[PDB]
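The same protein chain appears twice below, in two forms, each given on its own as structure tokens and labelled structure 1 and structure 2.
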Structure 1
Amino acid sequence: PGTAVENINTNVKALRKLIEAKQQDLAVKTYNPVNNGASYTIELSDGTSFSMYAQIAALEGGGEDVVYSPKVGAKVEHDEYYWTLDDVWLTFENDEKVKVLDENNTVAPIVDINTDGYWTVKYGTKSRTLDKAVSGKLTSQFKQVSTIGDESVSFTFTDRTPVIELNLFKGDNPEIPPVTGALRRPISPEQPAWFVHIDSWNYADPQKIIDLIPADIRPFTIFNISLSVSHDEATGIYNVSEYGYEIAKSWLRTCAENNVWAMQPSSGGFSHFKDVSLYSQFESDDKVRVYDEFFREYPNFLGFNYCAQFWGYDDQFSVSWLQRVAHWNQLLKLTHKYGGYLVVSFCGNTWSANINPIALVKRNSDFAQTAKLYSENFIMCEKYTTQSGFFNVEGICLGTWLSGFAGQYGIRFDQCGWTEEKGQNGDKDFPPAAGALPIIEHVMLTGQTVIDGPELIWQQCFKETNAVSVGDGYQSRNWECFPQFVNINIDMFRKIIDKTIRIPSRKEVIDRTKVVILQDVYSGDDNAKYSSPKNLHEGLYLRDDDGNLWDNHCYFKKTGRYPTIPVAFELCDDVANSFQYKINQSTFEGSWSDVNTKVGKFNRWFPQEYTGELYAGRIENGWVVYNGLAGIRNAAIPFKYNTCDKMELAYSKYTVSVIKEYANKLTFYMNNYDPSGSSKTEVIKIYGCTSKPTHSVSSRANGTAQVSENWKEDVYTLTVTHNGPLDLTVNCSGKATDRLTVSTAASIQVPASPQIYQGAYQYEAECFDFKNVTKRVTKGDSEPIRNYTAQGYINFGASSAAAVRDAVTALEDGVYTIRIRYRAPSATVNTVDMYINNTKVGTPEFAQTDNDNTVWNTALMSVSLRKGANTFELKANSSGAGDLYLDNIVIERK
């Protein structure tokens, strides 16, 4: 956010500078559009970076017609550039023209509004009053910037200022060939993924989020770089994530430095990056370079996450959902070329049936082909963000994958999916323990290879604390895991890694599932053609207290006897056609809508494996058992592999368990973690033992546990009080021979690292350790300085005791170039020194920079780094001649 008068003068100062660059034969290193080309940032070969505005801020007042604002431009005459005002020469006293390039100043004509409310223009001592200013929308003096060929870059104006071409810098570094062909980082049951968010809402230092993830988890992790689509509804402009490209770039470099996988620019229609309609645009269109760039330069980049694609379409500043699907059609090809994933996540309401994962492939036949053909690259995820329809949306998201249109299936859980005011069981606020249930249920019984989140990131995963002292009198920003992150999430993944929780393959799920619905309906409302049959789940796994479809407010199943029921558009391949029972929805209203008849046919397909009010589903020798109701709840489960007779289970509310049957052993992973520290009680009884059993228990993470044992009349009874997760082992043998046989250890394969990133590293000043600085801007959007990288910058300031430090890295020993992007608006700063590894190496030339709020500059140093960690400091020695600002540093090999 900024005033119209700032915007105008910025463009003028830019026009002066472009002309200066032209006659000094300077080159454009980089340019990039923002807010769909409302503004651009521009870097030249001398390191000068500045904004130009294609849209000007409204003029405070309220009026909203287009009205007059002065237009300072430039024409050429007798070989020379002179200032224009509204397409006539700019003159003051006499009729003397005024050169752009005058041998004394770098003062441009300044436009203003005086105190009688008239526009004015001043140039040194001279000054000129023009027309009355008037509240209204204004038009910019500048149109846009495009590229000509691969040589030229053109700046075009809206007045009669000529076009201005500058050469497009070519860098003499040999470009690094990208990764193509096969998938960069395969995902499968053997190689699952956790998407952990570096979140614009946490105002992250990516480096410190990465480090909060332990080593055993890291290799299975895919860091998800979240750009918030929070914006000003009137203008369109993004705040939280002001410069999305620049955040993504900065954090994607840190990821690439740390050799970890990474991928998120949209929520609903809103997106920091412009949608395409043709595959050609990925190379030919200077409005959409970001797509190719991330794949080309970062070998750890897996692609793009379009989350929550159910809202915000057809906005003034979004796109239609059709246009989005179309963008996916092209983007998916791009993704396939580079071995990437495109991820989509859906949560549902009544208004959004026509944009769900059925409609996705049923409404757009071209996307359907491109999806089918590159399913390996396409990942479809259930989101738990909306207030209803969870079983419908679970079926459909699962159906996408099994039917062959997506390669992997995932869950993105959210607190926000707890029912509002009343909640569930008598618990107003969402309790974290609840979250473990859907996830384990859908991972173990429906083949999810991707866990995403959980949300909200900043309530469930990480928070920033106050700054902390880190030696030598320096202080740093700091981040911490929430306890439920460690005690639910981290530990649940350890239980996948350690092969307790075996993820079934697609073909394994179809054999279990048995049945599919095909959505072959073309008549009726949006719900009739894209959503599942309304009473699909009734008298199956849907609770008594809950209701059908959009009155389905609870995601806990009443029973696990019947498997999650998938709903697809079509079956694309051999395997999808191996479904035992294919039911067309058109027949559904006739036959299956009678709840009793459905339950009758389903009962023949899916035998009773237990009784009681707990949730119990079995796959191979693994049970998921949980309690999603109030009060102690029970079940009687006859064993299928263990040689004892049966187990009777009695569990507290929101206790979840994973129970592995062995001929002479049982394991329980149990959890029910409350951060406030309460205990819960659980009771396990084994029947049919022909021997005194024994038991073993280990607490996990920050959990507690005590277990009591009771042998009596051939019943063995374990009483497990605990807070948080634990593994319990029961050695119990019986005398049965009618029992199945346990297959050998499922595979878990530790996912390979990405190739080593050979490009430049970046370290944002707002993440530096610091002492005695004037101001540290971690949330820049609300402050006066524009055109910065990531979310912020700092004002180092003039203190003689001012200093900063970060830890930087180097693939090996040698000379590197350190580019400090900075601002020195009032005076040159010759008074700050640089230390590498606690040895002073020079005094960067921080030349006076232009006063304008968008201008930054870059100061260079050559230095020796050694292989691995290096320490970087900037230290004042005296009082600065003026404020020094710092946005970042960028390190590259010479």
Structure 2
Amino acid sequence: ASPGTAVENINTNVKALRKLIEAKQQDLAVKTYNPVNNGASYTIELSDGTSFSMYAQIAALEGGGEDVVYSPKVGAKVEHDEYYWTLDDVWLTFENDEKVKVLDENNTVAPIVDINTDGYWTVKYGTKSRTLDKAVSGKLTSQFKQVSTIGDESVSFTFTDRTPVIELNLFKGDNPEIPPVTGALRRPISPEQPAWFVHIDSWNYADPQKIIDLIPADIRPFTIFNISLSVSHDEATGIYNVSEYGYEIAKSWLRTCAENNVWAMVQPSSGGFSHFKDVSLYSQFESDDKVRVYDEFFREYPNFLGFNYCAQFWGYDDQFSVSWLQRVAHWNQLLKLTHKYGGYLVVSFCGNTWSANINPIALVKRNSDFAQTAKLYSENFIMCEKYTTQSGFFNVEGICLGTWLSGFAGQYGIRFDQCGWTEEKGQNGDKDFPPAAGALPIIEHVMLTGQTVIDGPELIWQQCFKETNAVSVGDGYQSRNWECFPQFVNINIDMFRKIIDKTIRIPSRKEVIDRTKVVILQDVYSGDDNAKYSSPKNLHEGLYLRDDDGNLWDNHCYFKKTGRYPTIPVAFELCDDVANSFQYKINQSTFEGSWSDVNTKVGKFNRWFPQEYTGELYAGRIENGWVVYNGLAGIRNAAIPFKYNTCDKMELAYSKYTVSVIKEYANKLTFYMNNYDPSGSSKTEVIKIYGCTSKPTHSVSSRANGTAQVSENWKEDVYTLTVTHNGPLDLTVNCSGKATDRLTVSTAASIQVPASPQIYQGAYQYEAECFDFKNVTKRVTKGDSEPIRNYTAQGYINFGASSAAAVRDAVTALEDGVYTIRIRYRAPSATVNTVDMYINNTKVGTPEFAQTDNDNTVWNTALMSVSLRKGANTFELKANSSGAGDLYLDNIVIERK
């Protein structure tokens, strides 16, 4: 398992040292190397295709000891031209002061350290065996210190004993250069080019290909795939488990994304925890071998847009995280890099009382240098509200909005999360989170407050996608299978389609500012953290706070009671002329004196925002569009006088959690309505139209998997539509009256299909844990709890020794020609030569799966050149007879020859 043991780590380091001395003698070069868990460990790849781990941190000995204690230090030292093993810096000997050569030349045998049944350290070499000192519980030091690049042409391995530095050539002679995409935004986001962050999640143990393929073709160009690395880790050591090898996951899945010509981001962090080391200086992105990842993904993937730091409110100042200040200083640098490559930095925030001093006000109010950079590169910076915590939704909404309106962030987004549902009690007597509830804030904030990014919804593995049982796909083979949850199809996909088809017009920043009129400026420097960084305690009271709900951290519900008033933005400073065009600017310092009196505030706000309806439904208007929803139990009503339609008014009676987008025209009304229950319950809505001078007509069509039936009634000059439905529908109503006092409708929203990435010309990758399979020994889809280390993405398979074993994958090529297939494999007990490769159902040869070193971290690379055709190709490995031993398969990599 991924925490390793002391013995395991020790013996991995000895095997590494043998390998380095072999490489030195044979003049092998280092092809790649990569720190993990902040350099607690490294994965190394040499130019013969051997890969292995090295540990800079050793796991403690069990027993809970807290002191640093003895462990055997097995090093190596040159004598008359030959390396021989050392033990605690004397020659390692067993019997007759006989020294032991590091290279036995026909073996990979190396000293093995162990602890015996008597509790004593041992070291063995072949059949020879030596008992050392009694082990004692505690912390250990490593024999290995660090690996570092020296120049840009050499790699040095440093040890902590008297073992000499081993220097190896850095392999350089790869393909010619693929120049990076720089300058302009790689993928503009705006009201016209909204984005959906759809997650490829470690918790789904994903095949990235199968998640991408779940997204409909019309949605895909507007999708950015968010490669999500769990920060689940071992408490004692901080070592990541669920996403054990984050860099490798992100790299594999980014390749698959680039191959599929879809836009992608990497999410390495929730809270303080991050798979990648934070920087403090820009220079590090090119000069610092511990943080290669950041420049690398931008440089090598034209579809890569940058890094998403989610839920930035928890987990700081951990032994294995950073301070929030360090995180911001990281962002200061990463924003510059993002800018160069035309990407985005995404941050998302959810609050509680203890995270006020690190919220989006604090972000700029406490960090002047960061604030400068954010303002300078606001187009590359995206701020998102997150619905994860139990309270403060309006507080956090207003502050995140504020960051964008004020000029610090270039876009604003929502990361909706089921976890916001109030624990124990829920809302409206609904203990369990109903998916339909989540449509309400998203539609509201997108259409009324100009969010251009939707993220999730969370939890990904309960609201978007799930792995099912493997499915039979014919020919003996079985296949891992992922499906969308029904709510994803009937809420989130269908909603985004309403943005694309121009029903849900997203307002521009300037449009939001002109509608909003008022901003709070957080200019308090005295009192506690909430006084200095949070919005006024009672800002929302008497406005859109529900009667049953509390202020600030007692605000448990994100359904607004009315839409008379816009979301009130709370900002630190107004950075540009657009920010400074706010009609009303209230300094928060003056809030206690005047505005803290709810009635005074309501009076002022009532003059700024006219009453445009009555009733208990939420209704909010922007141009000829309404967002109307029922956030309460029961069927609830509104009376809404038309502003564009030539009839008089409508009365609405809506079921609980029904949301609607209503477009008024002079002689027409459209209604997009949703209320999706996966369990298949129907809801009733009633719509009454007053003041039609002739009988109206209607048409309806249900959307996605919705059912709908609509009946009409014409009597007493009132047109009544009853709508019974589960899920989404579009209803058109042709109604007209004699009103002349009405506004005029604008031309239709522009929606522009976002252009595709530049075509990726790099190497493709396919994980063996994602292959179709039959008669394999074991499939490790979750590698952290198993004994093999140093794998790519989240797993590997033991293909095994059955004569009927076989794996298959669909791979692609840009054009016909010869490609090299690198097969990453273990064969620890014997050479496997009974396994044939088939390309497009034709045998092309038998890979040499030469016997690999016995260490649990060691993988090797077998190579085959094959002809691929343009487009989809079939790759298979098939046993022809029983294997001489187990074959492990991690991945294949394919590149043009």
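Please note that residue numbering is based on structure 1, beginning with 1 at the start of its sequence. Here, rigid core means the biggest group of C-alpha atoms that superpose within 1.5 Å across both forms.
Looking at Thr125, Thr744, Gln316, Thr737 after a core superposition between the two structures, you find that only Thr125 has a C-alpha shift of 2 Å or more. Here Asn596 does not count as shifted, since its C-alpha moves by less than 2 Å between the two structures after the core is aligned. Annotation for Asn105: C-alpha shift of 2 angstroms or more between the two structures, rigid core superposed. The Cα shift for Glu96 between the two structures, taken after rigid core superposition, is 2 angstroms or larger. If you overlay the core, the Cα of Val288 moves by 0.2 Å between the two structures.
The two forms line up on their rigid core, and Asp172 then has its Cα shifted by 3.8 Å between the two structures.
Look at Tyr81: with the core superposed, its C-alpha moves 1.2 Å between the two structures.
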